[PDB]
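# Pasting an experimental structure, sequence included:
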Amino acid sequence: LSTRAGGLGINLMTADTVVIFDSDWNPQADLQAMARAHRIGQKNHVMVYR
DNA sequence: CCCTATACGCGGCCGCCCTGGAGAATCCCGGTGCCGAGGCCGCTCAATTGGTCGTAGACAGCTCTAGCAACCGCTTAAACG
């Protein structure tokens, strides 16, 4: 993913691990980045590696 | 036996072919005069040297705004085949 694209309407139910390669200046952008897989209904423990 | 015409060799004069010494034209050398260029001298004024002083600009500091790299997203009119 590019971090600042698509808005909040992107669906990633099947994902489990989120790797932030590049940290953003705005932490809300990173929050919506690993919030793509950590929404309501996730069946697995979401883990983020920065 | 003597005179007289007769054909034949040729002393002298004139013209033609071959070679030698004197003079004239030419090239080289030495002395000398003139043009281009280089060196020297005289004036002479502007560059040089020394000192003084004002200030132009470098430096530092603080504040605000434009630019820049790299990304996004939407519209739509322009570019392209």
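Sure thing, it's come through. Numbering: from 1, shown residues only, chains lettered A, B, ... in the order given.

# Alongside DNA strand B, which residues does chain A contribute?
A:2, A:4, A:5, A:6, A:7 (CB under 7 Å from any atom of the strand). Where you see a C-beta, it was placed from the backbone N, CA and C, and this is true even at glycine.

# you'd agree the last one is in a helix?
The reference is to residue A:7. No - secondary structure of residue A:7 (DSSP: H, G, I helix; E, B strand; the rest coil): coil, not part of a helix.

# Save the residues of chain A next to DNA strand B as JSON lines, and put in distance to residue A:17 and neighbour count too.
Below are these laid out as JSON lines (distance: CB to CB, whole Å; neighbours: other CB atoms under 10 Å):
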{"residue": "A:2", "distance to residue A:17": "18", "neighbour count": "6"}
{"residue": "A:4", "distance to residue A:17": "21", "neighbour count": "11"}
{"residue": "A:5", "distance to residue A:17": "20", "neighbour count": "7"}
{"residue": "A:6", "distance to residue A:17": "19", "neighbour count": "11"}
{"residue": "A:7", "distance to residue A:17": "22", "neighbour count": "7"}
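
# In chain A, which residue is most central in space?
Nearest to the geometric centre of chain A sits residue A:34, at 2.1 Å (CA atoms, centre = their mean).

# hang on, that one packs against residue A:49?
No - Residue A:34 is beyond contact range of residue A:49, at 9.9 Å (criterion: CB atoms under 8 Å).

# Can you pull the residues that touch both of those two?
A:18, A:20 (CB atoms under 8 Å, 6 or more residues apart in numbering).

# Can you say which two of the residues of chain A next to DNA strand B are spatially most distant?
Using CB to CB, those reach their maximum pairwise distance at A:2 and A:7, which is 12.2 Å.

# can you give me the strands in chain A?
A:17-19, A:47-49 (DSSP state E).

# export stretch A:27-40 as PDB, just CAs?
The C-alpha trace of stretch A:27-40 is given here as PDB (Å, rounded to 0.1, in the frame of the first residue of the first chain):
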ATOM      1  CA  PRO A  27       0.600   9.700  13.200                       C
ATOM      2  CA  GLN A  28      -3.100   9.600  12.200                       C
ATOM      3  CA  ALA A  29      -2.000   8.600   8.700                       C
ATOM      4  CA  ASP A  30      -0.200   5.600  10.300                       C
ATOM      5  CA  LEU A  31      -3.200   5.000  12.600                       C
ATOM      6  CA  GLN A  32      -5.500   4.700   9.500                       C
ATOM      7  CA  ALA A  33      -2.700   2.600   7.900                       C
ATOM      8  CA  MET A  34      -2.700  -0.200  10.400                       C
ATOM      9  CA  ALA A  35      -6.500   0.400  11.000                       C
ATOM     10  CA  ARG A  36      -7.100  -1.100   7.500                       C
ATOM     11  CA  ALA A  37      -6.800  -4.600   9.000                       C
ATOM     12  CA  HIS A  38      -7.800  -3.700  12.600                       C
ATOM     13  CA  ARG A  39     -11.500  -3.000  12.100                       C
ATOM     14  CA  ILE A  40     -14.600  -4.600  13.600                       C
END
